[PDB]
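A quick write-up on the structure given underneath.
Numbering of ligands and ligand atoms starts at 1, following listing order. Basis for what follows: all heavy atoms, side chains included, without hydrogens, waters or symmetry-related copies. In the text below, chain A, chain B and the rest are named by the order of the sequence lines, each starting its count at 1.
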Amino acid sequence: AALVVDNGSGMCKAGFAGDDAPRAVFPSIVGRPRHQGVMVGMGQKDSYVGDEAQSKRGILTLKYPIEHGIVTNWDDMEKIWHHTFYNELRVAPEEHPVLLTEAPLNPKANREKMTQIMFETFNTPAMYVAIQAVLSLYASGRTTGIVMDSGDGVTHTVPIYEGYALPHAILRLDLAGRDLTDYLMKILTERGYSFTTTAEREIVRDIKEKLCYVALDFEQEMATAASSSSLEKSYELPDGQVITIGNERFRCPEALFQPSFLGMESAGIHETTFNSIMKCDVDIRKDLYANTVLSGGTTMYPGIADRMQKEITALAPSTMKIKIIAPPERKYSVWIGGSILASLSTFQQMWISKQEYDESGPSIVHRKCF
Amino acid sequence: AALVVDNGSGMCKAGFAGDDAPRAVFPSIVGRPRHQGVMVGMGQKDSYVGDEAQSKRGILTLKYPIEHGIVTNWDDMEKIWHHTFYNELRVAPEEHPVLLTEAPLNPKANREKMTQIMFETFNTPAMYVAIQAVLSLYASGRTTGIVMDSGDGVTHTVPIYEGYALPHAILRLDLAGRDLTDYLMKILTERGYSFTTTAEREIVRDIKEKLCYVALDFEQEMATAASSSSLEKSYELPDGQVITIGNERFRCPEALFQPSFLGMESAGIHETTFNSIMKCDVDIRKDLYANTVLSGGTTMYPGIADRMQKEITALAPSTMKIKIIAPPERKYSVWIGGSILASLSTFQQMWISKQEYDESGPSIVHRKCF
Amino acid sequence: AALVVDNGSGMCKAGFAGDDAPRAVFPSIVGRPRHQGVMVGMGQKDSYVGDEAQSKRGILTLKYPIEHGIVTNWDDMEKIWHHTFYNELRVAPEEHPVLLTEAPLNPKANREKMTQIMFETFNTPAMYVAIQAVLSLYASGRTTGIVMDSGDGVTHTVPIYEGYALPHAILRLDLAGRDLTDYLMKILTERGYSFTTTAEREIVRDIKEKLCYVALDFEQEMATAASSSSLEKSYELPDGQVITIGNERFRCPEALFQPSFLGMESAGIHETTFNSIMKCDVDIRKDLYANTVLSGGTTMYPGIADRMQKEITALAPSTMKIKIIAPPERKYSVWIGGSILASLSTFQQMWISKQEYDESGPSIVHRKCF
Ligand SMILES: Nc1ncnc2c1ncn2[C@@H]1O[C@H](COP(=O)(O)OP(=O)(O)O)[C@@H](O)[C@H]1O
Ligand SMILES: Nc1ncnc2c1ncn2[C@@H]1O[C@H](COP(=O)(O)OP(=O)(O)O)[C@@H](O)[C@H]1O
Ligand SMILES: Nc1ncnc2c1ncn2[C@@H]1O[C@H](COP(=O)(O)OP(=O)(O)O)[C@@H](O)[C@H]1O
Ligand SMILES: [Mg+2]
Ligand SMILES: [Mg+2]
Ligand SMILES: [Mg+2]
């Protein structure tokens, strides 16, 4: 059975090919103590990975080895891979092919290191690297459509028509969930709440995943929030302190549609999707309008699908049918599509075998993987 | 076998590692005659140490070589150590490693002279200095919790989470049992009882340990004592005179929670414990609330745990469970925890050996001891 | 004539616009007696503000109404502002516009209450809030540069290019002079010096301002202080006691560059300044490197400019010219810049008039003040 590992910037999703849900979902963090241990004979490890780092984050410095879809710490990256195979899946990597995921327009040296590490450190028989947006189309059971995959590090759009991708129309933004979390930390200081440590960043991320939503009309929602307390929500901190947030619930997700909130000059996610469609041929734009698929955890905000449909309709011609496909399990669409692709009989010859890597080096990934 | 010596400001506890109770427990006093001996041929010593000084205190001037956890008379301190090893334990200090205890935030010269005396005067093969609050956590079988150790000279709080101590959150108060004894002497004059000599201070300390208690509500308790004689208690002096005390039973321990009674500007023990928790990271405050451990002889007043739980509950958020752990043997928690640590197999490489002291001087203690 | 009041966490600097130096500089403290008055017929006030509290601190409990650039006790704030206008400047605030200063990324309710108090308690005709780091650039006669303002409560960096600020690149640290005062307060216990009261904290602050300095190489300075007594200095306490400090002279300011000394996870001021520059556009980083401006009393340590240049040079590319601008009067740069700004003819139209506050409430400050 093949292994499907969807390694995003924030979360690592792993499982077996043919399954409908990942078997192991844990944060993609590496935590190291920042204090001095004083109790002798207790099981103090040098570093903590994944869930154990999240539970002990009070005395740890949490680090993300993947930043904006690019691995910045390969030594920490190997720890997460080691934790995935041996502690989460509890399998031997040398007996199963592994399917990896990567964002488009990534540096070439990034995927070459995955090729070298996966073959020389884990000694796997086969490995394939696939584009995350392409895999999301597999999970939706479609061959035509434009997929907006927005995770923790990268927001990218890849339009596919009749199984053919348009590389020139692929757009990538460095605006994602982690930037929204940092923006939420910045705007929470307006109410006197100070979150500065890496552990406190995880707390704010939990607040964002529970109380944030996308407003259908941002300006109208601002007036409603400034006239009454109907939109106010309360959140309990781990130490028992209760915080209350008002317009910050929809201001943080608004940075997706108005990147100028973060000082970025790039266009919003709605315009990026629209611009990607217009970069394609005119004869295929109609099918892309009605097959807009959302993927990634950053697309799980309530009301994001309705807001995208309203915004894209204002940009697209009035005669066009705008249909936003937002499956309830779109957070795992990349993994689910990877499981489908790995189980296909026509995919078994697309694997990069050990014999190919031995006679071609890490550069083989550029010839066999799109 | 290792030796564990807990040198408090007022009381000295000694024993062997692996034992559950100290073998030698005696006051940490040195007494010298203040009169002229007129009997020839009967054995007047120049000084008396420990119990002999306590029994002969009528004709002696009792001196404490340790004040506020800091040794102020090193010549007198050597007498107590010499009495401990040769008269109480009846062992050779050059054949056993010695584990000593010290309060946090002490002067660095205090533990350097402790190192020099152990290696040059007693020729101990090995030596180590441990924090008293850290040892108290060993006795309770915990790796997470905040320990409020209050003895005769020092009241300090050391929060520990998952075996890691937070040095920036360590708070120290110079208010302890000796200050309460002096305060009781001052307020006993309100009833006409005059205690001024050093010997009479020991009598008042015995009164404090037998009749004093902590009131759950000080204001209500004061009203009850002012309306009836139910709280009045009688104590017999060594000469046969009988004294009776009323509200002084709970006013003396009240100085722990209201240091302004002594003219001190610091906060009470409940606020010091709460402030130490609040100095820690938010993710670990919940565990410290439910694992508050009391240590030292000062926390032996009846009802002190209920008062501490009540005070911290009013300060902490209502959603946190306040649990004060006050074991019945907490007067020896520091020693018992020292006995456990000294017997650990993983502790045998933490000793400061004779060779290390010879090649580094007394300054080695700052590198190997926390 | 407009009034310029620079309400920092530790000091209050006030004066008239158009002047080159503040007319009144006094500590921002409010002291209240903690003992009982026994002499009748003496003019004992309920509270003391500023220099009077500093001179009578022996029998007072000193309280700072500002903590980390945020007013925590508004009732004590009106006492200081009343003392500033009527006792120090000896002017009626209802006849002069008042220019106030605030740190960036402050709670929005902080500057709303300042607007409300000025208009309703002091009835100022005009009122304005300016960012402290922006004002420091006015004093240096520059329109481009990054200002590292470090006072008693807040350390923040604000990059400005051609008169345009980059709000997304503004970084703020809660590490400042008061934290260094507490750190020196803690590490002075290593030599046996015990300071606990609020009055004793002012003594420790005076020691820091007179004997502390920034070492060019901290590790090399550690070796020098451990091999000789050339770095030792003597300071006489108010009661005549003489204290001597060695490596504590440069260890206390080192916490600015190594915040881990206080258990804080944030980066040093040298890295914070570099990070703010890196958050800016690439085309403006070269100008910011050569126009780094220091401001505030916490940047008055001898050798801090050389250390900052050395650290930033190690971080910046070798082809960039690092120039740290540290004018000898940088302790009053915020006020001097406010004096320049309030005297500009083009600034007279951005005052928040009384008619604007009346028709818009305290929320007007969020629209007219950056
Ligand atoms: N219910 C939710 N609401 C808002 N944001 C979410 C939600 N669930 C997850 N996220 C965000 O999605 C990001 C990661 O999503 P995902 O794409 O599933 O993983 P990765 O990006 O690591 O591949 C996280 O940073 C998180 O902030
Ligand atoms: N039962 C008791 N009630 C109140 N106080 C006590 C009691 N027992 C001891 N103490 C006080 O505790 C102080 C010393 O306690 P302990 O911590 O055991 O020794 P040390 O502080 O010398 O290490 C003594 O000064 C004594 O006044
Ligand atoms: N010469 C000096 N050396 C070191 N620190 C100083 C010096 N002068 C002032 N400070 C520190 O600067 C802090 C206040 O500086 P300043 O910015 O002028 O006032 P505020 O921060 O209140 O606006 C004080 O806490 C003091 O410790
Ligand atoms: Mg993803
Ligand atoms: Mg003790
Ligand atoms: Mg200032």
(message) Evaluate C/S295 against C/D149 for side chain to side chain donor-acceptor pair (under 3.5 Å), listing each step before the verdict.
(response) CA-CA 4 Å; C/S295 176; C/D149 184 75; 2.9 Å; yes

Report task. Cation-pi check, B/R178 to B/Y64: give yes when NZ or CZ is under 6.0 Å from the six-membered ring centre and within 45° of the ring axis, no otherwise. Result -> yes

of all protein heavy atoms, closest to atom 20 (P) of ligand 3 is C/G8 CA, 3.7 Å

Taking only non-hydrogen atoms of C/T298 and a 4.0 Å limit, the atoms of ligand 3 in range are 12 (O)

for atom 24 (C) of ligand 3, nearest protein heavy atom and its distance come out as C/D152 OD1, 3.5 Å

heavy-atom search around atom 27 (O) of ligand 3 in the protein gives C/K208 NZ, 2.6 Å

- Do B/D174 and B/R172 sit within salt-bridge range, that is, some charged N less than 4.0 Å from a carboxylate O? yes

Check: of C/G297, C/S295, C/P302, C/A176, min heavy-atom distance to atom 16 (P) of ligand 3 comes from C/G297

Per-atom filter on ligand 3: closer than 4.0 angstrom to a heavy atom of C/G151 are 17 (O), 21 (O)

Counting heavy atoms under 4.0 Å, the part of C/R205 that contacts ligand 3 is side chain

- Query: Would you call the rings of C/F218 and C/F261 parallel, tilted or perpendicular if under 30° counts as parallel and over 60° as perpendicular?
  - Reply: tilted

Are C/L89 and C/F16 packed together at the side-chain level, in the sense that at least one heavy-atom pair is separated by less than 4.5 angstrom? yes

Ligand 3 atoms nearer than 4.0 angstrom to some heavy atom of C/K331 are 8 (N), 18 (O)

- [ ] Could you tell me whether the side chain of B/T101 reaches within less than 4.5 Å of the side chain of B/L135, counting heavy atoms only?
- [x] yes

Inset, instruction - Compute the minimum heavy-atom distance from C/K13 to ligand 3 and say whether it is under 4.0 Å. - result: yes

Problem set entry | Pi-cation contact, C/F257 with C/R307 (under 6.0 Å, within 45°) | yes

key: CA sep, side-chain torsions, deciding dist, call: C/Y301, C/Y213, ring-ring contact (aromatic ring centres under 6.0 Å, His included)   = CA-CA 5 Å; C/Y301 296 101; C/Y213 68 98; 9.3 Å; no

closest protein heavy atom to atom 4 (C) of ligand 3 is C/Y301 CE2, 3.5 Å

Given side chains that start at C-beta, do those of B/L256 and B/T298 come closer than 4.5 Å, heavy atoms only? yes

Can C/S28 be said to touch ligand 3, with heavy atoms closer than 4.0 Å?
no

The closest protein heavy-atom partner of atom 2 (C) of ligand 3 is C/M300 CB, 3.7 Å

the protein heavy atom lying closest to atom 26 (C) of ligand 3 turns out to be C/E209 OE2, 3.4 Å

_With respect to C/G153, determine whether any N or O atom, backbone or side chain, lies less than 3.5 Å from an N or O atom of ligand 3._
no

Rounded to the nearest 0.5 Å, the OG1 atom of C/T196 sits from the CD atom of C/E200 at a distance of 4.5 Å

The closest protein heavy-atom partner of atom 22 (O) of ligand 3 is C/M11 N, 2.5 Å

